[PDB]
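Read off the chains here:
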Amino acid sequence: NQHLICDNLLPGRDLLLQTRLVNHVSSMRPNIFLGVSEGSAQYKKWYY
């Protein structure tokens, strides 16, 4: 029964909550905002 439960539940990898160790990531941006609106007419072509 142990082997049957194993090979009939675990390989499916569904219906059971699965955990994994992942790394924290963070994103930063410069104080730059580029949106189309009235005024500040920009061709919106930037190099980085």
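Residues numbered from 1 in each chain as written, not as in the entry; some residues may be left out. Part of a larger assembly, values for the part shown. Heavy atoms only, no water.

As stated in the entry header, the method of structure determination is cryo-EM and the reported resolution is 3.4 Å.

The name given to the chain in the PDB entry is Ryanodine receptor 2, with the source organism recorded as Mus musculus.

A look at the overall build of the chain
Secondary structure assignment for the chain yields one helix and zero strands. Oriented by its inertia axes, the alpha-carbon framework of the chain measures out at about 70 × 20 × 15 Å. Within the span of the chain, comprising 48 residues, buried residues form 0% of the whole. (Helix = DSSP H or I, 4+ residues; strand = E, 2+ residues; numbered from the N terminus. Buried < 20%, exposed > 50% of the residue type's maximum accessible area, 1.4 Å probe, protein only.)

Remarks on the packing of aromatic side chains
Throughout the structure, instances matching the rule amount to one aromatic pair. With a centroid separation of 6.2 Å and 20 degrees between ring planes, the pair formed by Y43 and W46 is classed as stacked. (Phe/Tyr/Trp six-rings, centres within 6.5 Å; stacked < 30°, edge-to-face > 60°.)

Details of unusual backbone geometry
In this structure, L15 takes a positive phi of about 70 degrees despite not being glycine. Here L15 lies in the segment after α1 (2-9). In this structure, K44 takes a positive phi of about 60 degrees despite not being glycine. Turning to its location among the elements, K44 is positioned in the segment after α1.

Considerations on the environment of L34
Inspection of the secondary structure puts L34 in the segment after α1. Along the backbone, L34 and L21 are 13 residues apart, and their C-alpha atoms lie at a distance of 36 Å. Residues contacting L34, with those up to four places away along its chain left out, are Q42, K44 and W46. (Contact = heavy atoms within 4.5 Å.)

A look at the environment of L15
Take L15: its relative accessible area is 83%, and that puts it in the exposed class. Between the C-alpha atoms of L15 and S37, which are 22 residues apart in sequence, the distance is 48 Å.

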